[PDB]
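Listing of my_file-v2.cif, mmCIF, C-alpha atoms and all ligand atoms
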data_protein
#
loop_
_atom_site.group_PDB
_atom_site.id
_atom_site.type_symbol
_atom_site.label_atom_id
_atom_site.label_comp_id
_atom_site.auth_asym_id
_atom_site.auth_seq_id
_atom_site.Cartn_x
_atom_site.Cartn_y
_atom_site.Cartn_z
ATOM 1 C CA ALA A 1 -2.069 -41.201 4.519
ATOM 2 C CA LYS A 2 -2.930 -37.530 4.283
ATOM 3 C CA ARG A 3 -6.390 -36.312 3.415
ATOM 4 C CA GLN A 4 -7.593 -37.183 -0.044
ATOM 5 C CA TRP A 5 -10.151 -34.454 -0.685
ATOM 6 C CA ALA A 6 -13.099 -35.055 -3.009
ATOM 7 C CA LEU A 7 -15.951 -32.850 -4.214
ATOM 8 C CA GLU A 8 -18.304 -35.168 -2.297
ATOM 9 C CA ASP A 9 -16.821 -33.830 0.940
ATOM 10 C CA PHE A 10 -18.459 -30.415 0.460
ATOM 11 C CA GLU A 11 -21.899 -28.877 0.219
ATOM 12 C CA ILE A 12 -21.705 -25.965 -2.170
ATOM 13 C CA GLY A 13 -23.778 -22.831 -1.695
ATOM 14 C CA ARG A 14 -24.063 -19.353 -3.165
ATOM 15 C CA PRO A 15 -21.457 -18.023 -5.626
ATOM 16 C CA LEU A 16 -19.072 -15.487 -4.064
ATOM 17 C CA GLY A 17 -17.752 -14.277 -7.462
ATOM 18 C CA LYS A 18 -16.784 -15.261 -11.012
ATOM 19 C CA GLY A 19 -13.045 -15.674 -11.718
ATOM 20 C CA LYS A 20 -11.213 -15.614 -15.047
ATOM 21 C CA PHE A 21 -11.177 -19.427 -15.205
ATOM 22 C CA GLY A 22 -14.136 -20.510 -13.144
ATOM 23 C CA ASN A 23 -16.018 -19.515 -10.008
ATOM 24 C CA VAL A 24 -15.763 -19.245 -6.232
ATOM 25 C CA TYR A 25 -18.489 -20.632 -3.968
ATOM 26 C CA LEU A 26 -19.451 -20.461 -0.340
ATOM 27 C CA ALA A 27 -19.138 -24.035 0.876
ATOM 28 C CA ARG A 28 -19.265 -26.288 3.923
ATOM 29 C CA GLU A 29 -17.224 -29.357 4.688
ATOM 30 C CA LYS A 30 -20.073 -31.762 5.271
ATOM 31 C CA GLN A 31 -19.119 -33.680 8.447
ATOM 32 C CA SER A 32 -17.818 -30.619 10.254
ATOM 33 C CA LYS A 33 -20.131 -27.949 8.719
ATOM 34 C CA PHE A 34 -17.009 -25.751 8.577
ATOM 35 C CA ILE A 35 -17.473 -22.788 6.189
ATOM 36 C CA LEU A 36 -14.854 -22.093 3.488
ATOM 37 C CA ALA A 37 -14.514 -20.701 -0.031
ATOM 38 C CA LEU A 38 -14.305 -23.379 -2.691
ATOM 39 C CA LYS A 39 -12.628 -22.099 -5.854
ATOM 40 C CA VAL A 40 -13.321 -24.077 -8.992
ATOM 41 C CA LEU A 41 -11.032 -23.769 -11.987
ATOM 42 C CA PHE A 42 -11.798 -25.334 -15.385
ATOM 43 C CA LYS A 43 -8.741 -27.027 -16.794
ATOM 44 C CA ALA A 44 -9.712 -26.270 -20.372
ATOM 45 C CA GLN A 45 -9.644 -22.530 -19.501
ATOM 46 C CA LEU A 46 -6.337 -22.878 -17.619
ATOM 47 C CA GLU A 47 -4.755 -24.529 -20.582
ATOM 48 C CA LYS A 48 -6.177 -21.968 -23.010
ATOM 49 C CA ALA A 49 -4.715 -19.132 -20.903
ATOM 50 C CA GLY A 50 -1.351 -20.852 -20.316
ATOM 51 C CA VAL A 51 -1.613 -20.385 -16.518
ATOM 52 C CA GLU A 52 -1.218 -23.886 -15.080
ATOM 53 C CA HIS A 53 2.381 -22.965 -14.140
ATOM 54 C CA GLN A 54 1.224 -19.949 -12.142
ATOM 55 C CA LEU A 55 -1.160 -22.381 -10.338
ATOM 56 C CA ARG A 56 1.356 -25.136 -9.423
ATOM 57 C CA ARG A 57 3.866 -22.522 -8.219
ATOM 58 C CA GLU A 58 1.397 -20.754 -5.958
ATOM 59 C CA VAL A 59 -0.186 -23.991 -4.641
ATOM 60 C CA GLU A 60 3.310 -25.191 -3.735
ATOM 61 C CA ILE A 61 4.295 -21.911 -2.051
ATOM 62 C CA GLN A 62 0.836 -21.446 -0.542
ATOM 63 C CA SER A 63 0.208 -24.880 0.947
ATOM 64 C CA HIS A 64 3.328 -24.129 3.107
ATOM 65 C CA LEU A 65 2.503 -20.624 4.468
ATOM 66 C CA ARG A 66 0.589 -20.280 7.728
ATOM 67 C CA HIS A 67 -0.009 -16.714 8.959
ATOM 68 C CA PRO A 68 -3.132 -15.004 10.339
ATOM 69 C CA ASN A 69 -2.869 -12.242 7.679
ATOM 70 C CA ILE A 70 -2.392 -14.587 4.713
ATOM 71 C CA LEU A 71 -5.456 -16.311 3.347
ATOM 72 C CA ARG A 72 -5.092 -19.988 4.039
ATOM 73 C CA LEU A 73 -5.136 -22.685 1.322
ATOM 74 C CA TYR A 74 -6.370 -25.651 3.327
ATOM 75 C CA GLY A 75 -5.981 -28.075 0.433
ATOM 76 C CA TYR A 76 -6.689 -28.803 -3.221
ATOM 77 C CA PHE A 77 -7.790 -31.668 -5.505
ATOM 78 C CA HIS A 78 -8.778 -32.172 -9.122
ATOM 79 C CA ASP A 79 -10.659 -34.364 -11.520
ATOM 80 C CA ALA A 80 -10.431 -34.780 -15.317
ATOM 81 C CA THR A 81 -11.710 -31.307 -16.089
ATOM 82 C CA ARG A 82 -11.514 -29.227 -12.895
ATOM 83 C CA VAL A 83 -9.067 -28.065 -10.203
ATOM 84 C CA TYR A 84 -10.490 -27.251 -6.808
ATOM 85 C CA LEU A 85 -8.838 -24.984 -4.188
ATOM 86 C CA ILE A 86 -10.177 -25.138 -0.607
ATOM 87 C CA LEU A 87 -9.573 -21.590 0.594
ATOM 88 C CA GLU A 88 -10.236 -19.703 3.846
ATOM 89 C CA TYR A 89 -13.477 -17.717 3.663
ATOM 90 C CA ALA A 90 -13.022 -13.999 4.495
ATOM 91 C CA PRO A 91 -16.570 -12.846 5.411
ATOM 92 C CA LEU A 92 -15.928 -9.105 5.002
ATOM 93 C CA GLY A 93 -14.841 -9.336 1.372
ATOM 94 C CA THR A 94 -12.092 -7.437 -0.379
ATOM 95 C CA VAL A 95 -10.310 -4.317 0.719
ATOM 96 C CA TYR A 96 -10.817 -2.861 -2.804
ATOM 97 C CA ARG A 97 -14.639 -3.009 -2.465
ATOM 98 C CA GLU A 98 -14.394 -1.344 0.923
ATOM 99 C CA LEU A 99 -12.115 1.399 -0.513
ATOM 100 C CA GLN A 100 -14.687 1.983 -3.316
ATOM 101 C CA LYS A 101 -17.437 2.190 -0.668
ATOM 102 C CA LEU A 102 -15.527 4.714 1.479
ATOM 103 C CA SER A 103 -13.326 6.440 -1.183
ATOM 104 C CA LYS A 104 -10.448 6.438 1.330
ATOM 105 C CA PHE A 105 -9.562 5.099 4.778
ATOM 106 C CA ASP A 106 -8.658 6.984 7.933
ATOM 107 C CA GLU A 107 -5.229 6.795 9.581
ATOM 108 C CA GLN A 108 -6.115 4.193 12.184
ATOM 109 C CA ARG A 109 -7.609 1.798 9.648
ATOM 110 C CA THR A 110 -4.723 2.410 7.242
ATOM 111 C CA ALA A 111 -1.917 2.129 9.822
ATOM 112 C CA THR A 112 -3.520 -1.104 11.183
ATOM 113 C CA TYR A 113 -3.667 -2.587 7.677
ATOM 114 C CA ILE A 114 -0.017 -1.657 7.158
ATOM 115 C CA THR A 115 1.005 -3.368 10.419
ATOM 116 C CA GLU A 116 -0.823 -6.519 9.363
ATOM 117 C CA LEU A 117 0.755 -6.389 5.915
ATOM 118 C CA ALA A 118 4.231 -5.732 7.278
ATOM 119 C CA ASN A 119 3.898 -8.700 9.684
ATOM 120 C CA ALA A 120 2.714 -10.991 6.853
ATOM 121 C CA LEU A 121 5.465 -9.874 4.419
ATOM 122 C CA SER A 122 8.105 -10.254 7.150
ATOM 123 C CA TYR A 123 6.885 -13.793 7.668
ATOM 124 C CA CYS A 124 6.974 -14.388 3.882
ATOM 125 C CA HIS A 125 10.558 -13.079 3.561
ATOM 126 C CA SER A 126 11.596 -15.395 6.425
ATOM 127 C CA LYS A 127 10.379 -18.271 4.164
ATOM 128 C CA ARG A 128 12.055 -16.832 1.083
ATOM 129 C CA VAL A 129 8.738 -15.760 -0.486
ATOM 130 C CA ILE A 130 9.167 -12.403 -2.218
ATOM 131 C CA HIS A 131 7.226 -9.963 -4.432
ATOM 132 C CA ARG A 132 3.728 -10.722 -2.976
ATOM 133 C CA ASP A 133 0.812 -9.029 -4.688
ATOM 134 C CA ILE A 134 -0.783 -6.726 -2.108
ATOM 135 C CA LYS A 135 -2.946 -4.603 -4.387
ATOM 136 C CA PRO A 136 -6.345 -3.882 -2.660
ATOM 137 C CA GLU A 137 -8.210 -6.198 -4.969
ATOM 138 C CA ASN A 138 -5.981 -9.065 -3.687
ATOM 139 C CA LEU A 139 -6.587 -8.352 0.031
ATOM 140 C CA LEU A 140 -9.534 -9.808 1.871
ATOM 141 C CA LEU A 141 -11.015 -9.047 5.294
ATOM 142 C CA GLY A 142 -11.711 -11.568 8.082
ATOM 143 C CA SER A 143 -14.647 -11.393 10.541
ATOM 144 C CA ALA A 144 -12.727 -9.137 12.948
ATOM 145 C CA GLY A 145 -11.797 -6.901 9.984
ATOM 146 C CA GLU A 146 -8.236 -8.263 9.894
ATOM 147 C CA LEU A 147 -6.488 -8.089 6.558
ATOM 148 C CA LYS A 148 -5.710 -11.290 4.628
ATOM 149 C CA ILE A 149 -3.437 -11.363 1.588
ATOM 150 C CA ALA A 150 -5.271 -13.464 -0.985
ATOM 151 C CA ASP A 151 -3.817 -16.214 -3.058
ATOM 152 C CA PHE A 152 -4.089 -16.554 -6.873
ATOM 153 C CA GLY A 153 -4.796 -12.965 -7.933
ATOM 154 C CA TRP A 154 -4.089 -13.834 -11.549
ATOM 155 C CA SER A 155 -7.239 -16.020 -11.489
ATOM 156 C CA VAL A 156 -9.534 -13.030 -10.777
ATOM 157 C CA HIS A 157 -10.489 -10.193 -13.197
ATOM 158 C CA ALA A 158 -8.769 -6.878 -12.441
ATOM 159 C CA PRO A 159 -10.986 -3.995 -11.241
ATOM 160 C CA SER A 160 -13.694 -2.475 -13.334
ATOM 161 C CA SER A 161 -11.344 -0.955 -15.955
ATOM 162 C CA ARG A 162 -9.063 1.043 -13.720
ATOM 163 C CA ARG A 163 -5.885 -1.009 -13.554
ATOM 164 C CA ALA A 164 -3.585 -1.340 -16.592
ATOM 165 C CA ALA A 165 -0.830 -4.006 -16.768
ATOM 166 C CA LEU A 166 2.641 -4.519 -18.333
ATOM 167 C CA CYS A 167 4.852 -7.136 -16.588
ATOM 168 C CA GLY A 168 2.421 -6.931 -13.745
ATOM 169 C CA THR A 169 0.171 -3.987 -12.893
ATOM 170 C CA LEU A 170 1.588 -0.615 -14.003
ATOM 171 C CA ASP A 171 0.376 1.390 -10.965
ATOM 172 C CA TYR A 172 2.241 -0.905 -8.507
ATOM 173 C CA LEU A 173 5.433 -1.563 -10.517
ATOM 174 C CA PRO A 174 8.659 -0.433 -8.826
ATOM 175 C CA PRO A 175 11.236 1.613 -10.694
ATOM 176 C CA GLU A 176 13.853 -1.188 -10.618
ATOM 177 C CA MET A 177 11.472 -3.476 -12.511
ATOM 178 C CA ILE A 178 10.787 -0.841 -15.198
ATOM 179 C CA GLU A 179 14.431 0.185 -15.621
ATOM 180 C CA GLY A 180 15.254 -3.512 -16.141
ATOM 181 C CA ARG A 181 17.421 -3.726 -13.017
ATOM 182 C CA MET A 182 17.705 -6.665 -10.632
ATOM 183 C CA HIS A 183 14.920 -6.895 -8.049
ATOM 184 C CA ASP A 184 14.609 -8.589 -4.657
ATOM 185 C CA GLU A 185 12.619 -8.512 -1.374
ATOM 186 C CA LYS A 186 12.790 -4.691 -1.446
ATOM 187 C CA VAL A 187 9.999 -4.606 -4.081
ATOM 188 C CA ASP A 188 7.623 -5.404 -1.278
ATOM 189 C CA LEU A 189 8.523 -2.147 0.512
ATOM 190 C CA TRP A 190 7.730 -0.175 -2.666
ATOM 191 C CA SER A 191 4.346 -1.971 -2.889
ATOM 192 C CA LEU A 192 3.621 -1.118 0.720
ATOM 193 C CA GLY A 193 4.313 2.581 -0.038
ATOM 194 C CA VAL A 194 1.924 2.545 -2.996
ATOM 195 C CA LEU A 195 -0.710 0.727 -0.999
ATOM 196 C CA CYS A 196 -0.431 3.094 1.978
ATOM 197 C CA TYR A 197 -0.865 6.010 -0.379
ATOM 198 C CA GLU A 198 -3.866 4.355 -2.084
ATOM 199 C CA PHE A 199 -5.469 3.620 1.322
ATOM 200 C CA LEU A 200 -5.114 7.213 2.488
ATOM 201 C CA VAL A 201 -5.859 9.020 -0.788
ATOM 202 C CA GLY A 202 -8.192 6.703 -2.718
ATOM 203 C CA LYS A 203 -6.003 6.495 -5.805
ATOM 204 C CA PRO A 204 -2.422 5.264 -6.354
ATOM 205 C CA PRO A 205 0.428 7.850 -6.348
ATOM 206 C CA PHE A 206 1.491 7.630 -10.025
ATOM 207 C CA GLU A 207 -2.013 7.480 -11.642
ATOM 208 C CA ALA A 208 -1.963 9.375 -14.969
ATOM 209 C CA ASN A 209 -4.161 9.796 -18.049
ATOM 210 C CA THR A 210 -1.795 7.981 -20.379
ATOM 211 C CA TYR A 211 0.115 4.759 -19.868
ATOM 212 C CA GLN A 212 3.543 6.289 -20.778
ATOM 213 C CA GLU A 213 3.087 9.110 -18.204
ATOM 214 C CA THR A 214 2.342 6.631 -15.413
ATOM 215 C CA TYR A 215 5.633 4.968 -16.409
ATOM 216 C CA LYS A 216 7.605 8.303 -16.293
ATOM 217 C CA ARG A 217 6.078 9.278 -12.944
ATOM 218 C CA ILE A 218 7.269 5.940 -11.377
ATOM 219 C CA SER A 219 10.835 6.103 -12.676
ATOM 220 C CA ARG A 220 11.149 9.726 -11.686
ATOM 221 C CA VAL A 221 9.177 9.061 -8.444
ATOM 222 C CA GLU A 222 6.825 11.955 -9.177
ATOM 223 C CA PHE A 223 4.116 11.922 -6.570
ATOM 224 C CA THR A 224 2.474 14.516 -4.323
ATOM 225 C CA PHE A 225 0.103 14.305 -1.400
ATOM 226 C CA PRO A 226 -3.337 15.908 -1.025
ATOM 227 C CA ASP A 227 -3.330 18.538 1.731
ATOM 228 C CA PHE A 228 -5.141 16.284 4.275
ATOM 229 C CA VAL A 229 -2.292 13.626 4.415
ATOM 230 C CA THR A 230 -0.569 14.183 7.804
ATOM 231 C CA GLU A 231 3.207 14.463 8.195
ATOM 232 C CA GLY A 232 3.749 11.028 9.803
ATOM 233 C CA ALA A 233 2.036 9.384 6.831
ATOM 234 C CA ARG A 234 3.975 11.515 4.299
ATOM 235 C CA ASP A 235 7.160 10.540 6.075
ATOM 236 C CA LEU A 236 6.449 6.771 5.963
ATOM 237 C CA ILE A 237 5.270 6.797 2.348
ATOM 238 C CA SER A 238 8.274 8.926 1.317
ATOM 239 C CA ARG A 239 10.657 6.439 3.034
ATOM 240 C CA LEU A 240 8.925 3.492 1.283
ATOM 241 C CA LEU A 241 8.869 5.037 -2.173
ATOM 242 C CA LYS A 242 12.646 5.431 -2.549
ATOM 243 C CA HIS A 243 13.982 4.958 -6.104
ATOM 244 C CA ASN A 244 16.949 3.001 -4.744
ATOM 245 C CA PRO A 245 15.680 -0.339 -3.246
ATOM 246 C CA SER A 246 18.556 -0.359 -0.714
ATOM 247 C CA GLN A 247 17.425 2.878 0.959
ATOM 248 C CA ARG A 248 13.932 1.430 1.514
ATOM 249 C CA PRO A 249 13.337 0.578 5.211
ATOM 250 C CA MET A 250 13.312 -2.859 6.743
ATOM 251 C CA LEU A 251 9.813 -4.089 7.574
ATOM 252 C CA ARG A 252 10.665 -3.802 11.274
ATOM 253 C CA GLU A 253 11.261 -0.052 10.821
ATOM 254 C CA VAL A 254 7.851 0.159 9.171
ATOM 255 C CA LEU A 255 6.346 -1.663 12.187
ATOM 256 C CA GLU A 256 8.046 0.713 14.646
ATOM 257 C CA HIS A 257 7.577 3.899 12.586
ATOM 258 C CA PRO A 258 6.024 6.521 14.938
ATOM 259 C CA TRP A 259 3.059 7.159 12.653
ATOM 260 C CA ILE A 260 2.357 3.399 12.537
ATOM 261 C CA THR A 261 2.598 3.016 16.303
ATOM 262 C CA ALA A 262 0.572 6.173 17.041
ATOM 263 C CA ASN A 263 -2.258 4.886 14.788
ATOM 264 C CA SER A 264 -1.985 1.016 14.868
ATOM 265 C CA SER A 265 -2.579 0.121 18.561
ATOM 266 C CA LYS A 266 -4.236 -3.284 18.204
ATOM 267 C CA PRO A 267 -2.169 -5.912 20.026
ATOM 268 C CA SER A 268 -0.373 -8.156 17.486
HETATM 269 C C1 LIG A 301 -23.396 -10.990 2.004
HETATM 270 N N1 LIG A 301 -22.601 -10.519 0.853
HETATM 271 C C2 LIG A 301 -21.777 -9.339 1.204
HETATM 272 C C3 LIG A 301 -21.025 -8.836 -0.039
HETATM 273 N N2 LIG A 301 -20.218 -9.954 -0.548
HETATM 274 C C4 LIG A 301 -18.903 -9.807 -0.782
HETATM 275 O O1 LIG A 301 -18.502 -8.768 -1.308
HETATM 276 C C5 LIG A 301 -17.946 -10.924 -0.384
HETATM 277 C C6 LIG A 301 -17.125 -11.528 -1.340
HETATM 278 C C7 LIG A 301 -16.254 -12.548 -0.988
HETATM 279 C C8 LIG A 301 -16.193 -12.996 0.329
HETATM 280 N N3 LIG A 301 -15.148 -13.710 0.823
HETATM 281 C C9 LIG A 301 -14.225 -14.419 0.140
HETATM 282 N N4 LIG A 301 -13.357 -15.157 0.849
HETATM 283 C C10 LIG A 301 -12.419 -15.883 0.217
HETATM 284 C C11 LIG A 301 -12.305 -15.850 -1.158
HETATM 285 C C12 LIG A 301 -13.205 -15.092 -1.876
HETATM 286 N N5 LIG A 301 -14.127 -14.373 -1.218
HETATM 287 C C13 LIG A 301 -13.200 -14.988 -3.360
HETATM 288 C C14 LIG A 301 -14.448 -14.843 -3.953
HETATM 289 C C15 LIG A 301 -14.529 -14.711 -5.309
HETATM 290 C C16 LIG A 301 -13.405 -14.708 -6.092
HETATM 291 CL CL1 LIG A 301 -13.561 -14.563 -7.848
HETATM 292 C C17 LIG A 301 -12.141 -14.841 -5.534
HETATM 293 C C18 LIG A 301 -12.044 -14.987 -4.156
HETATM 294 C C19 LIG A 301 -10.659 -15.086 -3.601
HETATM 295 C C20 LIG A 301 -9.635 -14.191 -4.244
HETATM 296 C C21 LIG A 301 -8.563 -14.702 -4.941
HETATM 297 F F1 LIG A 301 -8.452 -16.006 -5.022
HETATM 298 C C22 LIG A 301 -7.627 -13.869 -5.546
HETATM 299 C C23 LIG A 301 -7.769 -12.492 -5.452
HETATM 300 C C24 LIG A 301 -8.865 -11.969 -4.769
HETATM 301 C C25 LIG A 301 -9.797 -12.814 -4.168
HETATM 302 F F2 LIG A 301 -10.853 -12.308 -3.502
HETATM 303 N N6 LIG A 301 -10.368 -15.821 -2.614
HETATM 304 C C26 LIG A 301 -11.247 -16.687 -1.865
HETATM 305 C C27 LIG A 301 -17.031 -12.419 1.287
HETATM 306 C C28 LIG A 301 -17.903 -11.390 0.933
HETATM 307 C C29 LIG A 301 -20.954 -11.169 -0.908
HETATM 308 C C30 LIG A 301 -21.715 -11.594 0.349
#

Spit out the file's structure as structure tokens when you get a sec.
Ligand SMILES: CN1CCN(C(=O)c2ccc(Nc3ncc4c(n3)-c3ccc(Cl)cc3C(c3c(F)cccc3F)=NC4)cc2)CC1
Amino acid sequence: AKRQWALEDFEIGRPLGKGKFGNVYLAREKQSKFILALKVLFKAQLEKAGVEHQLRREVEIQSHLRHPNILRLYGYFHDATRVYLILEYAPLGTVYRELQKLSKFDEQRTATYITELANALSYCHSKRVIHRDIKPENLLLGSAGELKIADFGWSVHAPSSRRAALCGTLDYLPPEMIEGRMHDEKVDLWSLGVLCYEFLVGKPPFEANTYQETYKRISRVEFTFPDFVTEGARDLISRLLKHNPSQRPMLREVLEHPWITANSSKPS
């Protein structure tokens, strides 16, 4: 006799954004006045796009994860024409918007994000959840500025025009996935390397003018740092962006890396 959710349970307020397949609203649960983000998906659009499967998979995985740096799915329900996801509201919005605003983050902000991300991924891997999307546009910020990995990235339009895709997003694809090799939890360490670089620099490390060059840069691991990137950061990013997934660090080594601990001092 779990909770049967119904639309009637919520007061809906201002739109927070348009998705590919519907909209997200600021909402309150009526009795409690608790604030949350209500995501509405239109079944006819889900069907047209062939994405129901993505939605059942994530809802299943997501309903079972509880971690302060993973955006919580509190529940879901549907009617004849709509699916509703009752999601944690992150008041500070996306990390991507904040990176656009600032162009790049400092070392403390970056290293603190990486700690949060490493903790969340390490929790995911302990539940056999692998290959999480941690692109900036899929990271939200709580009221204390804590990072939250968002659910259901495929339901939101990719940035502006900047990101190109293939079997996923080109800029974040690891070499093992583009040389058709087997892939495992070690993809998440590659992602973390790309993200750390993007945080510090303001663009991802293999960004190129064509789509085939971006691909060659990844497979060859051709990246360089702007002069302002400090040696501890270069060291971490270089350890994360190893061509061979096996030589990528464990998440615990990321968490105890001296650059991370010098710059991420917030008690976990
Ligand atoms: C006062 N202003 C300040 C500026 N604002 C924001 O930028 C902003 C945007 C969103 C939020 N918070 C928030 N929290 C949770 C979620 C969303 N958005 C939200 C809003 C719109 C859309 Cl389209 C998606 C999502 C996603 C979400 C997702 F499901 C996948 C990937 C990325 C996401 F943000 N998850 C749920 C807060 C501020 C608007 C309000």

Target residues per the PyMOL selection byres (((chain A and resi 168-178) around 7) and not hetatm), formatted as a ChimeraX atom specification: /A:163-167,179-183,187,190-191,194,204,206-207,218-219,243

Target residues per the PyMOL selection byres (((not hetatm)) within 9 of (chain A and resi 301)), formatted as a ChimeraX atom specification: /A:14-20,22-26,36-39,71,85-94,97-98,136-142,149-157

Contacts of residue A:118 within 6 Å, all atoms listed in the file, excl. fewer than 4 positions in-chain, as a list in words: residues 114, 122 and 251 of chain A

Selection result for the PyMOL selection byres (((chain A and resi 125-131) around 10) and not hetatm) on this file, as a list in words: residues 61, 62, 64, 65, 120, 121, 122, 123, 124, 132, 133, 134, 183, 184, 185, 186, 187, 188, 189, 190, 191 and 251 of chain A

Using the file's own x, y and z axes, what box holds all listed atoms of stretch 183-188 of chain A with 8 Å on each side, keeping edges along x, y and z, and what are its centre and edge lengths in Å to one decimal, as AutoDock Vina command-line options?
--center_x 11.3 --center_y -6.6 --center_z -4.7 --size_x 23.3 --size_y 20.0 --size_z 22.8

Cut-off 6 Å around (2.3, -3.5, 13.1) with only C-alpha atoms: residues as a PyMOL selection string: chain A and resi 115-116+255

Nearest candidate to residue A:232 (options A:209, A:247, A:119, A:261; using only C-alpha atoms):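 Of the candidates, the smallest distance to residue A:232 is held by A:261.
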
May I have the residues at most 12 Å from (1.0, 16.1, 12.6) in the file's coordinates, counting all atoms listed in the file, as a CSV table (one decimal) with C-alpha atoms, in the frame of the given file?
chain,number,residue,atom,x,y,z
A,107,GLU,CA,-5.2,6.8,9.6
A,227,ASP,CA,-3.3,18.5,1.7
A,228,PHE,CA,-5.1,16.3,4.3
A,229,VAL,CA,-2.3,13.6,4.4
A,230,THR,CA,-0.6,14.2,7.8
A,231,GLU,CA,3.2,14.5,8.2
A,232,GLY,CA,3.7,11.0,9.8
A,233,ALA,CA,2.0,9.4,6.8
A,234,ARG,CA,4.0,11.5,4.3
A,235,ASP,CA,7.2,10.5,6.1
A,258,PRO,CA,6.0,6.5,14.9
A,259,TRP,CA,3.1,7.2,12.7
A,262,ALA,CA,0.6,6.2,17.0
A,263,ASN,CA,-2.3,4.9,14.8

Interatomic distance (Å, one decimal) between atom CA of residue A:159 and atom CA of residue A:192: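 Computed distance, atom CA of residue A:159 to atom CA of residue A:192, equals 19.1 Å.
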
Distance in Å - atom CA of residue A:27 versus atom CA of residue A:12: 4.4 Å

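Ranking A:216, A:203, A:162, A:252 by their shortest atom-to-atom distance to residue A:103, with all atoms listed in the file included, puts A:203 first.
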
May I have the residues within 12 Å of residue A:78 as a PDB file with C-alpha atoms, in the coordinates of the input, using all atoms listed in the file and disregarding those fewer than 3 positions away in the same chain?
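Written output follows (result.pdb):
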ATOM      1  CA  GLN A   4      -7.593 -37.183  -0.044  1.00  0.00           C
ATOM      2  CA  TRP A   5     -10.151 -34.454  -0.685  1.00  0.00           C
ATOM      3  CA  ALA A   6     -13.099 -35.055  -3.009  1.00  0.00           C
ATOM      4  CA  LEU A   7     -15.951 -32.850  -4.214  1.00  0.00           C
ATOM      5  CA  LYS A  39     -12.628 -22.099  -5.854  1.00  0.00           C
ATOM      6  CA  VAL A  40     -13.321 -24.077  -8.992  1.00  0.00           C
ATOM      7  CA  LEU A  41     -11.032 -23.769 -11.987  1.00  0.00           C
ATOM      8  CA  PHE A  42     -11.798 -25.334 -15.385  1.00  0.00           C
ATOM      9  CA  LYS A  43      -8.741 -27.027 -16.794  1.00  0.00           C
ATOM     10  CA  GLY A  75      -5.981 -28.075   0.433  1.00  0.00           C
ATOM     11  CA  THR A  81     -11.710 -31.307 -16.089  1.00  0.00           C
ATOM     12  CA  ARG A  82     -11.514 -29.227 -12.895  1.00  0.00           C
ATOM     13  CA  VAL A  83      -9.067 -28.065 -10.203  1.00  0.00           C
ATOM     14  CA  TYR A  84     -10.490 -27.251  -6.808  1.00  0.00           C
ATOM     15  CA  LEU A  85      -8.838 -24.984  -4.188  1.00  0.00           C
ATOM     16  CA  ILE A  86     -10.177 -25.138  -0.607  1.00  0.00           C
TER      17      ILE A  86
END

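Interatomic distance, atom CA of residue A:59 against atom CA of residue A:77: 10.8 Å.
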
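Of the listed residues (A:161, A:74, A:245, A:110), A:74 comes nearest to residue A:3; the distances count only C-alpha atoms.
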
Residue with smallest distance to residue A:266 - pool A:253, A:79, A:52, A:146, counting all atoms listed in the file: A:146

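Remark: for residue A:223, the closest of the candidate residues A:210, A:102, A:67, A:238 is A:238 (distances computed over all atoms listed in the file).
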
Will you give me stretch 43-53 of chain A, written with N, CA and C atoms and laid out as a short mmCIF file (atom, residue, chain, number, x, y, z; two decimals), in the first residue's frame?
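See out_9.cif below for the written result:
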data_model
loop_
_atom_site.label_atom_id
_atom_site.label_comp_id
_atom_site.auth_asym_id
_atom_site.auth_seq_id
_atom_site.Cartn_x
_atom_site.Cartn_y
_atom_site.Cartn_z
N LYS A 43 3.17 11.18 -23.80
CA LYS A 43 3.36 9.84 -24.32
C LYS A 43 3.43 9.80 -25.84
N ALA A 44 2.60 10.60 -26.50
CA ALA A 44 2.63 10.62 -27.95
C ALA A 44 4.00 11.04 -28.49
N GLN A 45 4.69 11.93 -27.78
CA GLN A 45 6.04 12.36 -28.17
C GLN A 45 7.09 11.30 -27.84
N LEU A 46 6.87 10.56 -26.76
CA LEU A 46 7.78 9.50 -26.33
C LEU A 46 7.77 8.39 -27.35
N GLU A 47 6.56 7.98 -27.73
CA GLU A 47 6.36 7.00 -28.73
C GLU A 47 6.98 7.43 -30.06
N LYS A 48 6.74 8.67 -30.47
CA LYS A 48 7.24 9.14 -31.76
C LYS A 48 8.77 9.07 -31.80
N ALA A 49 9.40 9.33 -30.67
CA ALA A 49 10.86 9.38 -30.57
C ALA A 49 11.49 8.04 -30.22
N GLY A 50 10.66 7.05 -29.91
CA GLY A 50 11.13 5.69 -29.58
C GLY A 50 11.91 5.61 -28.27
N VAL A 51 11.58 6.47 -27.30
CA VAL A 51 12.38 6.58 -26.07
C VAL A 51 11.73 6.02 -24.80
N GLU A 52 10.58 5.37 -24.90
CA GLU A 52 9.98 4.81 -23.70
C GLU A 52 10.99 3.93 -22.95
N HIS A 53 11.70 3.08 -23.69
CA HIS A 53 12.68 2.16 -23.13
C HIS A 53 13.74 2.87 -22.29
#
